[PDB]
Amino acid sequence: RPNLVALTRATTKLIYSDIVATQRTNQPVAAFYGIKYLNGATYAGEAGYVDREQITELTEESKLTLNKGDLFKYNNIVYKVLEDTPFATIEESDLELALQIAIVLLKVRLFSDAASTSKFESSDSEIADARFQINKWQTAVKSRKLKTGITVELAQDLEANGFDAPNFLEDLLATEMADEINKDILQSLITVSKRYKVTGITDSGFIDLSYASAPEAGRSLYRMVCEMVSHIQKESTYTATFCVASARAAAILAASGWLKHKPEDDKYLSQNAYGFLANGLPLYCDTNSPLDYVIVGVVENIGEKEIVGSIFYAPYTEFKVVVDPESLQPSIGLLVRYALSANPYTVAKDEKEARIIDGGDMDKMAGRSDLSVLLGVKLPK
Amino acid sequence: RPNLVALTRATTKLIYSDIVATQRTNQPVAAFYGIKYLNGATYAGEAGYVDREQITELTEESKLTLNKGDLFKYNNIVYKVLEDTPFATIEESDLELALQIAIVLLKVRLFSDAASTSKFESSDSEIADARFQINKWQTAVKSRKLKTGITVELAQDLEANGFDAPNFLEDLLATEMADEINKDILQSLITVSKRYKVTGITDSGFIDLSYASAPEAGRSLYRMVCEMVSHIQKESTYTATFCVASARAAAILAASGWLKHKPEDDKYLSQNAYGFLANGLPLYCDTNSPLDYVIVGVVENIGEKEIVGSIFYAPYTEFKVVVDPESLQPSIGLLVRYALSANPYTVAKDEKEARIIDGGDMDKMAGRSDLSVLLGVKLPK
Amino acid sequence: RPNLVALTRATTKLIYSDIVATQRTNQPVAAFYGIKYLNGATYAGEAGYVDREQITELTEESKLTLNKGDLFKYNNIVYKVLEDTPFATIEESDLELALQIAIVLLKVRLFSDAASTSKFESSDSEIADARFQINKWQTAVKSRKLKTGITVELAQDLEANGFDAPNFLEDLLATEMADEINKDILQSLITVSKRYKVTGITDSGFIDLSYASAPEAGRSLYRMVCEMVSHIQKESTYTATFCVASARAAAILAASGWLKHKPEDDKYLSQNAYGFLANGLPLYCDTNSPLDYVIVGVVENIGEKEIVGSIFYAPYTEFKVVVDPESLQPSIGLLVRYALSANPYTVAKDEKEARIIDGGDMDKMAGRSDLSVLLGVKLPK
Amino acid sequence: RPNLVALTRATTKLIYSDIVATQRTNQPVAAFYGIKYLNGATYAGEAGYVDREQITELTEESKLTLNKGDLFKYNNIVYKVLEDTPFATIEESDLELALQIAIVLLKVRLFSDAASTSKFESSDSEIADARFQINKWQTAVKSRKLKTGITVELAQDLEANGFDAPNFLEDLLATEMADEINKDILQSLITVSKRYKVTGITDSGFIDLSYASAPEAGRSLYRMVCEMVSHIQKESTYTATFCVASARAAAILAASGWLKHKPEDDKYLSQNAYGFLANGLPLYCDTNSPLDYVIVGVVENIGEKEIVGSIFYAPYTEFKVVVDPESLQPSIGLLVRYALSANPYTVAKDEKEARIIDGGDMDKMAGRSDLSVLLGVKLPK
Amino acid sequence: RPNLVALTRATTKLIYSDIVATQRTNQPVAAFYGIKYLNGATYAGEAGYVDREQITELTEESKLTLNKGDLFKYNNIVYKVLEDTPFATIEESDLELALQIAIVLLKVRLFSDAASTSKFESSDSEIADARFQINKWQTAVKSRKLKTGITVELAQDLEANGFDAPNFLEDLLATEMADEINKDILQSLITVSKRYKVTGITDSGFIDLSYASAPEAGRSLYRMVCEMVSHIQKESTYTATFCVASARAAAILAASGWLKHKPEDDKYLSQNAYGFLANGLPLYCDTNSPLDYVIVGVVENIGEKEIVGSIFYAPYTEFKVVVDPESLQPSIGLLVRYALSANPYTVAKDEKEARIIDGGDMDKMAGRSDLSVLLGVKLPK
């Protein structure tokens, strides 16, 4: 239906299609797709996995009983021993650091399992496993309808303003619809995003830049936000692609040199974006959420497929506007339906749990994104 | 009259046509239009409103009588309860903040009323109402005449300078006309803009960067200006789109790194702009008002119609420049007429009050923009 | 004279042609034109002025006798009274500031005299007078001449360098001529520029960044310069369009982050600019004058005519090169002539005084630009 | 195999192909080439060497026995003596500095052995030998393989997603493969890079920005990273061309104004870069290595050949994807083979050592890049 | 010889051809040309000079005996007296400053000798002499040669690498030649550059930012460097055009915020630039000299001729490559020759001194550039 296609074009141009992954449906449900994995470094191969288990866990009671040429693993990373008794000269008790140090000082070597053709073919060894699994799920399409284009005495007013009024009123209707869609998206993103936490939540409490705390410059938030990106980079094979925040949270707070105020509007910045940060990521401004929060996350793709995201959006078209001639008031209404969801497998161990949940159930998906993190923020007022 | 079209273009190119919404008339009055809503969050339907009233106002006393699956609303925002007794572990006494905490801690979830198509069609439920409505009003077209192109002995001098004088003089005269028009607009904007206020005005009194206060860098003003932009975003679905300030207020004061000196003018900047801010918005400069103030506000549109602004401008053409040869002086007279107004519905409960007021009456519209805010500023004088 | 025109093109490109206004002559004297007004706001009509006279001067003893609906004026700006006894609640003793407060708090309202067409036509009301007058004056075309293209054995040297020498030497001679001309321009500009003075000269003495004062970063000068631009905006209907400073004054001194070294050489920047500032304005540098000063001011045009400026330049062609074999030496003489002047009306009440003065008499025009100011600067030699 | 050519070209776009030198093979081994010299100043000729030997080693007891016209050399730099007894007036006891002082004070002069041909031909002298030698080596092509494109019930899922599933799965597998390859490269770069060290390592211990040290802004890291670039400039004939770091180490840590977030994805930056430093060089973000390190180094070419690099990559093509219908699971296997190596010459004096080592042996090449340096960083964890 | 043409054009792209003036020869010596002179303000005319002498030297004893209309001179600048007894109200005892002040306060006026046609023709007056004097000198073309193309066993390696080897080798050898040429130039620039000196050398000693002084940020060096530009501007009719410094002296030091690492290079920078400074002129880097210095200076041209430079370069061709296949060694030689020089007249009063010296004699030209200065720097090593 070309008229719905046109209304769709004129309404979705106004929504945050870029802070969610976009897919589409033609079904009562949307068949959504996504990619996930629970651990990250080196290989995912089983042959190699077994070797890791068959070499050593690197217990601190064994770290120095190793000698030149030996292998060991730690947190699944295989390393070779350079010269004898690695760590003999390292006072550090924490293996995470003792190892960090040992690598730097060339006591141990990050081990590469690239190997000859013969290794594989002769051994008839296992082969590397998947880094990620690809999921699919079906989430019902939900809708909302507006009945707002009031006509009657208004029809006369609209006729008086008839130059623009026919389409104008439909466009105004679409505008409010887009706004409600964006709110719905943001609520889901807020809900699904993992809470960002460091040492008992962002340096042992939600970041607090309140009057009684640290009304500095806004710099300490910018630092925390930058760290949120590192978290994503640490935990997933991506880099944050977008950020959303309220004005008080960052879209204004970061104005103190930590925010790039849309110097250009067609370069790495969408039309609905507020701007981007001093460290990039198009920044979107929420403006509605009472939290004055910040979200950092990833929306990505495989070829043309927007399969990577915390939230996925899939409109169901075959954005319809109608007039209902009730009484003397033949007003204009607008119906929009879409599926909105998170990858349900991030709350499931396997398909026998995924099959009894719904990616659109934001009570269950709460805090389970892993492609996004949420910063709670306390501000002056 | 094509010659007036040419004079119009050669005069309006010189005024801040974008710091007001621009409409046009052909009537003795301009039929102005604009959009307003009296409150945000979620859907605007009666069904919603009823469900909200039918669940709870979240009286603090009742916050722990809530359990998993329950709904509640606060400040008209609907939330669902995640697990039992939300807020049981939140020591915060200010319910607004306790709620923000509950959301980030996933004790409660921002709730969407989206539902299946069947829900609505089967139940014959109500439908979301309009949030914003379009208002109309009529404001008289006022005018200003100049008798400034003096010729006589002056004609002789103009003849001596006859190389340029004919058109030169008309453009010069047009320039003075444009100046007065622009200034007239700015005075209206100053008057209509809401006074910016936080905790008893800009942090309990207007910003004071005087000698006895904080002759810092001007950073503290930028901060407040940025908050003004936030305020607009908080209270309306717009970001600031422009700002005007005097030199001492910001057009010079902010030139300590928070003002961009028109690096370029063929992109992202109107030709009469002084430059733009570090907060992106086109910075204009008045230079006349004794106030040395800063105004932040928004102009916008639905498709082609500039329906959003604190002040609306509507010139009436059918920029008349004629010779008035009284005595021995074939001098040039210039007449421009236009309507200029604020949306009168911002000072009315309904149309029965709007119909007895005038959007052009700045004694009534004063401080009632909602699409702009004014910052009073005390300087090192 | 095409050969001289070619030299003109190749020589005037080497001077700061845009820090002064450019006009041209074809006469032994140059007829210069320019625009001035002596006090900026609202209408300049007699009706306006009379109504202002008929309402009040807003004296301290009368500001409280005003009530709702009354008008008053101050510093020629008309304001309307909002509600009774404006200023009743304002303790501020400086009436001008009290007024600024009253505007912000909506005790008074910036008032526009714009009115219906009928008001004007019915009463046969007066009309706005001109704000600015257009002046004309003439000065002699003055000249300089060189005997510097030395030839003899030099001819032999030039013959040795004969692949380039004919043109090379004329271009070189033209260059040194251009250099002195540029310097001459600066002397006139320096002289005419008004001394920037605030509270007994730029915060009660010329800015001093010497060792015994403020050997800081140069920031305090950058701030003062930006304020010089404000001064221009205050006193004239223009923003600064250029700035020139010595190395020690600002071309180097402000190069601590508030000065840019021509990052781009073809956009909004002349080929002769040293660079531009962080507060805009192409930046020029004199390098000769003992003053070590900074000048801020404006060149502006109506169509093609550079009518606005502190100094006006008007070259006279019909760059003459003459080859004269004194004895054994066919040296090259170079002659360049132009008018250069300040608008004499800045030192005159009317034509009777203008007719007995000379815009080229810099002993009278000194400090009388109003379209430019100079900052004296004490430096940490 | 055109399909593999396409898969390779369309997949290697995802690895840090430019932070290594890229060469290619068609053999079971890759023939790699690279360039090295042991010292940088003046000519590398025997005649020069002898003249230097014949004048002095600049013993501090002899530094002042020199007089005007004499030559001396120090650290292979030849200097001529200006005036008598150079250093007579230099109190500095450290000859390295005393020389720097003498040079700046014009007591000595940097000397060139350039001369007329007559000098050379008459003398029948020697000529400069090569500074840099070109070394070649062969390193076996190694591989990694996936058997992860799972099909069965998954085939049904892929059919359900049949719209684009065939290529999707291959593209995804190729992506995961690219990721593993890139990891292998990074481990090799980490290993080969020399440990940056000043006065016992980065000012007597690895940079430490831990909470017990200097949790500043990240400024101090930027400084050390920048110093690593100076090291590259000092010890080679190239400037750094790239930088790679973990997120915590710098992609995020330096995003306090010392790092740019890829504001442009096609200007002095590859598509795989996270950004570029405030001081340039595309910055790649590792994200996997536990080291939290920073690497600065070079890749450079002569004509089309990327002859210079610490690590060299040489893929062996004739990204192979096949399906193996074992059981009911006809999964997609993917194999990629390439040589990866360091120039073995950096750990050898000559061919009799080079012939018993392998550029691909990272247990020997560790710390021996000379075209890269790594900074260990202790972070505020 | 087309092969010399191709090799030279394709290789000199690698030397700092723009930090010297480029000229060319075809002779065994190069005929270099250049401009120097004694001062920089107003005219160079003898009659005007005499007038200066005929008015006053402005000794303080006479500064108060001057009255309205009088002229006086100081440091060859003529100034006019405004009103009587100039300086009567100036407490300053140092005439240099008293004059600076008097000019600012309009007690005196910079005097322009632009004059009427009558002045000149009536008196049949003299005419201005040259501000500049033009020199020519002849400097021998010296050669530098390489026997760097080692082939034998290497020839077989080159055959193995026959894909690239023929030209690869010549290009590489040519690259090393470019390096030596560049280094040769830099040594000459270092030597000729005048020591930047202020109050006994850059604030009474070479700038010292060492740990024993001021290990700040590097800001103080940037300030000194910017002053070096000032020096060029004060001493000559040019601004600095380029800057070269060691890696530690500026390429890295200024990374702290006063250096941009080539964010753009298809505009305003040479391909061999490191980047450019915050008060930028392309920043180049030597990487060899132990001095860790900074050079600031200027090259300039009249049409196509680079008549200005501290050092001039003039190559002589008829990059020549030869082969000497003794035994099994068909090795490649590379020969390049050029003249390199400073304007010898900077160390001569007249031709009887210039004719017995050589601009290529860096023992005599040491410290006598005047078109460049060098700063010694003590770094925090």
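Residues numbered from 1 in each chain as written, not as in the entry; some residues may be left out. Chains lettered and ligands numbered in written order. Part of a larger assembly, values for the part shown. Heavy atoms only, no water.

Header annotation of the entry names cryo-EM as the structure determination method and lists the resolution as 5.1 Å.

1. Topic: the overall build of chain A
Counted only if it meets this: Strands here mean DSSP runs of E at least two residues long; helices mean DSSP runs of H or I at least four residues long; both are numbered from the N terminus. Exposure classes here rest on a 1.4 Å probe applied to the protein chains alone. A residue is buried below 20% of its type maximum, exposed above 50%, and partly exposed in between. For every accessible area listed, the method is Shrake-Rupley and the probe measures 1.4 Å; residues are considered covered only by the protein chains on display. Under the counting rule used here, the positive set is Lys and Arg, the negative set is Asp and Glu, and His together with the chain ends is not counted. Charged side chains are reduced to one point each, which is NZ for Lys, CZ for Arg, CG for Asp and CD for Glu.
A tally of helices and strands in chain A yields nine helices and 21 strands. Once the C-alpha set of chain A is aligned to its principal axes, its extents read approximately 90 × 55 × 35 Å. Relative to its 381 residues, chain A shows a buried fraction of 54%. Roughly 16200 Å² of accessible area belongs to chain A as shown, and the carbon and sulfur atoms make up 49% of that amount. One way to put it: in chain A the 40 positive side-chain charges average out to a point 2 Å from where the 52 negative ones average out.

2. Remarks on the interface of chain A and chain D
Convention followed: Residue contacts are counted whenever heavy atoms from the two residues lie within 4.5 Å of one another. Buried area is calculated as the accessible area (1.4 Å probe) missing from two parts once they are joined, with the contributions of both summed. Any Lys or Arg side-chain nitrogen found within 4 Å of a carboxyl oxygen on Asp or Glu counts as a salt bridge.
Listed by partner, the interface residues are 52 residues for chain A and 53 residues for chain D. Of the roughly 4600 Å² buried at the junction of chain A and chain D (both faces included), carbon and sulfur atoms supply 60%. The largest contributions to the chain A side of the interface with chain D come from A:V104, A:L110 and A:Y268, which together make up 13% of the buried area. Between the two partners, chain A and chain D, sit four salt bridges.

3. Looking at the packing of helix 1 (residues 2-12) of chain B against helix 6 (residues 165-192) of chain B
Residues and elements named next belong to chain B. We count it as follows: Interaxial angle, 0 to 180 degrees, is taken between N-to-C directions of lines fitted to C-alpha atoms, where a helix line uses only the stretch in contact. For classification purposes, an angle smaller than 35 degrees is called roughly parallel, one larger than 145 roughly antiparallel, one from 65 to 115 roughly perpendicular, and anything else oblique. Each crossing gets its hand from how the near helix is turned against the far one by less than a right angle, where anticlockwise is left-handed and clockwise is right-handed.
Viewed as axis vectors pointing N to C, helix 1 and helix 6 meet at an angle of 60 degrees, and their least axial separation amounts to 8 Å. Judged by the inter-axis angle, helix 1 sits oblique to helix 6. By crossing handedness, the relation of helix 1 to helix 6 is classed as right-handed. Contacts between helix 1 and helix 6 involve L7, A10 and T11 on the former and, on the latter, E170, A174, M177, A178 and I181.

4. A few points about the domain arrangement of chain A
Quick note on the threshold: How far each domain reaches was decided by an automatic or database domain assignment.
As assigned here, chain A comprises domain 1 (1-39 + 126-193 + 299-364), domain 2 (53-113) and domain 3 (194-298 + 366-381). Taking only C-alpha atoms, the centre of domain 1 of chain A and the centre of domain 2 of chain A are 51 Å apart.

5. Points about the sheet that holds strand 14 (residues 294-297) of chain E
Residues and elements named next belong to chain E. Rules: Paired strands are those between which DSSP finds at least two bridges.
The strand order 8-20-14-10-13-12-11 describes an open sheet built from seven strands, whose pairing is mixed. The open sheet has two edge strands with one neighbour each: strand 8 (194-195) and strand 11 (259-260). In the sheet, strand 10 (residues 242-245) pairs with strand 14 via four bridges, with the strands oriented antiparallel. Bridging across to strand 14, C243 finds its partner in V296.

6. Thoughts on the packing of aromatic side chains
Here is the rule we go by: Only centres within 6.5 Å qualify two rings of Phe, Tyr or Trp (six-membered ring in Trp) as a pair; their planes then separate them into stacked at under 30 degrees, edge-to-face at over 60, and tilted for everything else. Note on geometry: a ring has a charge over it if NZ (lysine) or CZ (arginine) is within 6 Å of the ring centre and within 35 degrees of the ring normal.
Evaluated as defined, the whole model comprises 46 aromatic pairs over all chains. A centroid spacing of 6.1 Å and a plane angle of 55 degrees characterise the contact between C:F32 and C:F312, whose relative ring orientation is tilted. Each of the two residues, C:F32 as well as C:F312, counts as buried. Through a chain of ring-to-ring contacts, the aromatic side chains of A:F32, A:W137 and A:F312 assemble into a single cluster. Lying over the aromatic face of A:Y316, A:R337 brings its terminal NZ or CZ to 3.7 Å of the ring centre.

7. Here we look at the side chain of D:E180
The topology assignment puts D:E180 in helix 6 (residues 165-192). If near-sequence neighbours (up to four positions away) are discounted, D:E180 is found in contact with A:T42, A:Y43, A:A44 and D:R144.

8. Re the relation of the copies chain A and chain D
Comparison of the two chain copies shows a relationship of rotation about an axis with a shift along it. Heads up, the condition is: To overlay the copies, their C-alpha atoms are matched by a least-squares fit.
Least-squares fitting of chain A to chain D yields an RMSD of 0.5 Å, with the transformation described by 0.0 Å of translation along the axis and a rotation of 72 degrees. On this basis, the relationship between the two copies can be described by a five-fold rotation axis. Minimal C-alpha separation from the rotation axis in chain A is found for A:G257, amounting to 7.8 Å.

9. Concerning unusual backbone geometry
Positive phi, close to 60 degrees, is recorded for D:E83, a residue that is not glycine. As for its position among the elements, D:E83 is in the loop between strand 4 (77-81) and helix 3 (95-104). Even without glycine at this site, E:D203 takes up a positive phi of about 70 degrees. Topologically, E:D203 is positioned in the loop between strand 8 and strand 9 (207-208). Judged by relative accessible area, which is 40%, E:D203 ranks as partly exposed.

10. Side note on helix 1 of chain B
Residues and elements named next belong to chain B. Rules: By definition, the arc is the one covered by directions from the helix axis to the C-beta atoms.
Turning to helix 1, its buried residues number three or more, namely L4, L7, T8 and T11. End-on, the buried residues of helix 1 take up no more than an arc of 105 degrees, which puts them together on one face. More than 90 degrees from the buried face of helix 1, the exposed residues found are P2 and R9. In this fold, the buried residues of helix 1 make contact with helix 6 and strand 18 (320-326).

11. Comments concerning empty space enclosed by the protein
Condition: The distinction between a cavity and a pocket rests on a 1 Å grid over the protein atoms alone: a 1.4 Å probe fits inside a cavity but cannot get out, while a pocket stays open yet meets protein on both sides within 12 Å along at least five of seven lines, and a residue with an atom within 4 Å of a point counts as lining. Grid points are joined across faces, edges and corners, and a volume is the space filled by probe spheres set on the points. Throughout this entry, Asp, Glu, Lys and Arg are counted as charged residues, while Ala, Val, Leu, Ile, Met, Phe, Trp, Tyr, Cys and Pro are counted as nonpolar. The remaining residues, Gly among them, count as polar.
Taken as a whole, the largest cavity holds about 230 Å³ of empty space. Broken down by secondary-structure element, the contributors of at least two residues to the lining of the largest cavity are strand 6 (133-140) of chain A together with strand 7 (142-149), helix 5 (153-160) and helix 6 of chain D. When residues in the lining of the largest cavity are grouped by element, the largest group, five residues, is from helix 6 of chain D. Partitioned by chemical class, the residues of the lining of the largest cavity number 11 nonpolar, five polar and four charged.

12. Structural notes on the pattern of salt bridges
Residues and elements named next belong to chain B. Across all of its chains, the model carries 107 salt bridges over all chains by this definition. A salt bridge links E57 to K73; the shortest N-O distance between them is 3.6 Å. Of this pair, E57 sits in the loop between helix 2 (46-53) and strand 3 (71-74) while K73 sits in strand 3, and the two are 16 residues apart along the sequence. For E57, a relative accessible area of 42% translates into the label partly exposed.

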